[PDB]
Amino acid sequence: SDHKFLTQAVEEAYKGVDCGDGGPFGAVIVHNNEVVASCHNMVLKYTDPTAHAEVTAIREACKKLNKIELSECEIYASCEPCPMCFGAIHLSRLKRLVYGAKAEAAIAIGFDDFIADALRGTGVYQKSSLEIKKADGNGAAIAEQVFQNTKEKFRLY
């Protein structure tokens, strides 16, 4: 199940970078094995720098479920959430986060050196008790290769 939804997030990343909707990032929000939202970066399509994959998925899931809290839901991110997106995940009350690639893979192709302290447990003020799973093995390898695979299909923002 973890592999299935992380794979879906990776496919969302590829599909979005191929749509021109934005960067190669995907996010899937699940409610007891039922997919609530399946999204990718929409920064370019929406002219919205907050329209990240995780934020877009949170917005869609909350609108679909008619509630501002997703405490019975989990989020699968193709790449490690940035500070903004991790803050959005915290505010969403999502109960579990599974991400595929480390932020360094996105940074290696020119993305912002923009990493969430609360995710890595390196903050003074911002804490996290959110359940966080770093994927390993096959799905992790695929998610990390996402960025080397899609460097030509888009220009960074």
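We call the rigid core whatever largest set of C-alpha positions still superposes within 1.5 Å between the two forms. Residue indices: 1-based, along the sequence shown.
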{"property": "Outlying stretch relative to shown form, 123 to 131 versus 101 to 109 in 7 other deposited structures of this protein, C-alpha RMS (core)", "result": "123 to 131"}
{"property": "Comparing 11 to 19 and 144 to 152 where Cα RMS over structures and residues is taken in 7 other deposited structures of this protein (core fit), larger one", "result": "144 to 152"}
{"property": "60 to 68 versus 127 to 135 - which carries the larger mean C-alpha B factor in the record", "result": "127 to 135"}
{"property": "Segment of higher mean CA temperature factor, 19 to 27 or 143 to 151", "result": "143 to 151"}
{"property": "Deposited CA B-factor, highest of 112, 117, 48, 54", "result": "112"}
{"property": "Residue selected from 122, 41, 38, 33 by maximal Cα B factor", "result": "33"}
{"property": "Assigned third (lowest, middle, highest) for the C-alpha B factor of residue 108", "result": "highest"}
{"property": "Residue 93 by Cα B-factor - lowest, middle or highest third of the modelled chain", "result": "middle"}
